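The structure appears below as structure tokens.
In what follows, every chain begins at residue 1, and chains take the letters A, B, ... in the order their sequences are listed. Hydrogens, waters and symmetry mates play no part in the numbers below; they use all other heavy atoms, side chains included.
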Amino acid sequence: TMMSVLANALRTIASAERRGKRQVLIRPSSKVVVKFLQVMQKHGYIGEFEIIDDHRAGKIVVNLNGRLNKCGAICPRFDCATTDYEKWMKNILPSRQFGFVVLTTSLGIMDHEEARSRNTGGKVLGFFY
Amino acid sequence: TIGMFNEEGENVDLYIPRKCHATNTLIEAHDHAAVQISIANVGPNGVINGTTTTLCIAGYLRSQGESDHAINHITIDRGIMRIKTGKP
Amino acid sequence: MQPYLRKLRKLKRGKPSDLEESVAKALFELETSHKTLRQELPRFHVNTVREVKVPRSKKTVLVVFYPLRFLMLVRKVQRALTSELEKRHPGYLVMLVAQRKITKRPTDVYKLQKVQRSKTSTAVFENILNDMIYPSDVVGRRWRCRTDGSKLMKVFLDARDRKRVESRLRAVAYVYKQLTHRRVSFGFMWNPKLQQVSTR
Amino acid sequence: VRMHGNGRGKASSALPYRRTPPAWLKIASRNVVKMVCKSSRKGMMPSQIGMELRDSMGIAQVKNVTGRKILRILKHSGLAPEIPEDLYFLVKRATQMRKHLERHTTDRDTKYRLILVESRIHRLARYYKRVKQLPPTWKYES
Amino acid sequence: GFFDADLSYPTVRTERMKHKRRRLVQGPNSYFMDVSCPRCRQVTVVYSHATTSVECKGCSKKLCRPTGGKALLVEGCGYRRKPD
RNA sequence: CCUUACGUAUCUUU
RNA sequence: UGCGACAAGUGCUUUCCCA
RNA sequence: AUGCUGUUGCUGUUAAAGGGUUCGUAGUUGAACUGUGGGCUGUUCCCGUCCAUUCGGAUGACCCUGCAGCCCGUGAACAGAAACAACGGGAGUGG
Ligand SMILES: [Mg+2]
């Protein structure tokens, strides 16, 4: 059965982006997987996406613009202190220049760079670069 | 303004390379199937001008068979090739 | 104590507005002069009628709040009320929306479980939109999260009911922002089974 | 049937987005509750009431016409079954297999399928006892 | 050709072929129809996939027969599909 | 600038 | 208990019977 | 040194390795949903009327996050409703 819906969504984005597609259809969706995508919009790794309303869980159609190399999900959502950001950057990111680690914190779902500036910690969700 | 800089604002890298116009894939130096295609811009009397529209396609996209679908999708976007007939 | 004031809540029978009197006179008139309204209007009364000026004018919307007890009462008889109120009120476009309470989302995980799901802001706001366009139910719904960080909910309606509600949509989309403080945009679908958008 | 066996079959009914009665039916919500509660007095279980209203009365989805579901209408009226309908047809299947196996002592395949239905019975009855639709002492026959 | 597929707004040709749950928004295949009895003539509302055998409430006769898919109406009866 | 839709034969039949 | 106001997330000027 | 003990981080078709198949407890894992608001002020073508007949012609497009005040959904007020969450044996001799 499907266990993690966010890990499902990021795996279908990353698979269709290495195939060079123009759109993906993501099923099912959540509040978490749209808050992950809006982090990926703000740093322009994806384009506009659209949530279709069923009275079920929704579907998302994401427009890809060629910029994303890999997005993935860290499972389980390991707890990450503020001293631990430089440890997670060296492990899953290709460089310190680019690439983001998305965390779910008390302040919201943010990338690692914003959470370092607001002096907060959280559980790690995933990454995109 | 493309390529990495120095914190003194001098363009540090050699060779900012091309990118595929279909897949935004950075074309490498050994990708010997990667082609540029120059399409002549033509005037109102149907004779070519001195300007051409050049579009470059990566080598793996030609390898699969998907280049010809990509040249269509580009030239509709550039406005080079019409998408359908006019109404009769 | 005048008899048309039964069509109004008791808190406003002493000092009605100019619009609260004008609606209640017309709503009391509709017994002896209408057939289907005789069965359902003696029980009905409105809370307050609030008028809002749309920025693109020539039809100013007239929003009439009623108790949510009478929800199925009006639904049986709506599109006779809105047609006959807008007939007795020239140059006004009449909305009939029920008055619904919203419970603010609790911080506690235990209070969140006990929340009546009807008083949910997501559930209330989708019922307020259904009141503004009742014979045209919501065919589909989409949120476009465009790149600047904004969400816009698009509601699709059936394209078979375009002529009944086309002038009202610019009014509905504005009053929905006056009441809910959310932005909505409308479109139409021909063949809504197969998700086909109307395209003019 | 995915839980026991290798079947990946996907055959369901796909409910409409537009949850509204179709406006050509003039039956009241009050009368549908009378028809649902009447069929239960003729011995019909809730899955069988809804097809008879779907097929002949034109009431697809009793929930949309009368805002509550069929079994909820029955529980209000006092006409719920004593044990749930899921557990009824699995017990009624499991006793028909056992009455077969008493004269057919070497029906090797039906002894395997009987393990599977009783595994479904002990796994549903754990759900219904937890959710308190079933008494704690319930304890299937065999 | 020359028109690319848009996954949000698929073609009517593409979308009519799909399975009812494999649609972009899933939905029914069935419908209701207003069946007139062959004698007796009174209208009944019969579901298209009626697995039960519906009876004419006036005629007392059975004007439908279940199948593996759509149910088969009797000979000599008139029917028009109802909307929604 | 990503279509508001569409093409039907054969032979056995108390 | 009687009585004066105002509400009600589900119309009692209702709903069934019955004439 | 040894990602040759692998949480990071190993292998398991053929190199060592998926247990004959199902059910199944302890165990570990487990679908979506109730929400994060708003206001003001900054920051040349082509479409037709004359020519010509399996190939021509003169003749409606486009171009100009930042600070403050919010009954902070909407009702309802102009302290009341909405949403909210009594000890002197006291106080450097009762602030
Ligand atoms: Mg004190």
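For C:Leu11, the listed nucleotide lying nearest its side chain is G:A7; candidates were G:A7, H:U34, H:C23. Here the nucleotide nearest the side chain of C:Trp190, chosen from F:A5, G:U10, F:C1, is F:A5. In this structure, the nucleotide among H:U29, H:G75, H:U34 sitting nearest to the side chain of C:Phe65 is H:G75. Ranking H:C23, H:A83, F:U4 by closeness to the D:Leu116 side chain, first place goes to H:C23. The side chain of C:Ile128 has H:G73 as its nearest neighbour among H:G73, F:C2, H:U34. Between G:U13, H:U22, G:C16, one nucleotide has an atom nearer to the side chain of C:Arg6 than all others, and that is G:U13. Distances from the side chain of C:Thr199 to the nucleotides H:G35, H:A77, F:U4 place F:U4 closest.
Taking atom CG of residue C:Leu8 and atom P of nucleotide H:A76, one finds them 11 Å apart after rounding to whole Å. Protein atom NZ of C:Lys7 is 16 Å distant from nucleotide atom P of G:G11, rounded to whole Å.
No side-chain N or O of C:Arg9 forms a donor-acceptor pair with one of C:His45 less than 3.5 Å apart. For the residue pair E:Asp6 and A:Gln23, a side-chain donor N or O sits within less than 3.5 Å of a side-chain acceptor on the partner.
In this structure, D:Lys34 reaches the G:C16 phosphate: one of its side-chain N or O atoms is under 4.0 Å from OP1 or OP2. Of the side-chain N and O atoms in A:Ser30, one or more sit less than 4.0 angstrom from OP1 or OP2 of H:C33. When the side-chain nitrogen and oxygen atoms of C:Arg50 are compared with OP1 and OP2 of H:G75, one or more of them lie within a distance under 4.0 Å. Side-chain nitrogen and oxygen atoms of C:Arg69 include at least one within less than 4.0 Å of the OP1 or OP2 phosphate oxygen of G:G9. Not one side-chain nitrogen or oxygen of C:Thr180 sits closer than 4.0 Å to the OP1 or OP2 atom of H:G73.
Side-chain atoms of A:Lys31 and base atoms of H:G35 include a donor and an acceptor less than 3.5 Å apart. You'll find a donor-acceptor pair under 3.5 Å spanning the side chain of C:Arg117 and the base of H:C33, going by distance alone.
The furanose ring of H:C64 falls on the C3'-endo (north) side of the pseudorotation cycle, as its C1'-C2'-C3'-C4' torsion is above zero.
Remark: ring of D:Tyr112 does not overlap the six-membered base ring of H:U22 in a stacked fashion, as centroids less than 5.5 Å apart with planes less than 30° apart are not both met.
In this structure, B:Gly79 reaches the bases: a heavy-atom distance under 4.0 Å links it to at least one base atom across the strands shown. The residue B:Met81 sits apart from the nucleic acid: no heavy atom pair falls under 4.0 Å.
One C1' atom belongs to H:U93, the other to H:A81, and the distance between them is 48 Å to the nearest Å. Nucleotides H:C71 and H:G39 are separated by 15 Å at their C1' atoms, to the nearest Å.
Geometrically, C:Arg100 does not engage C:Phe65 in a cation-pi contact, judged by NZ or CZ lying under 6.0 Å from the ring centre and within 45° of the ring axis.
A donor-acceptor contact shorter than 3.5 Å links the side chain of C:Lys7 to the backbone of C:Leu41. Of the possible polar contacts, one joining the E:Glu15 side chain to the E:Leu24 backbone as a donor-acceptor pair under 3.5 Å is found.
In this structure, H:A61 forms a base pair with H:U44, meeting the Watson-Crick or G-U wobble definition at 3.5 Å.
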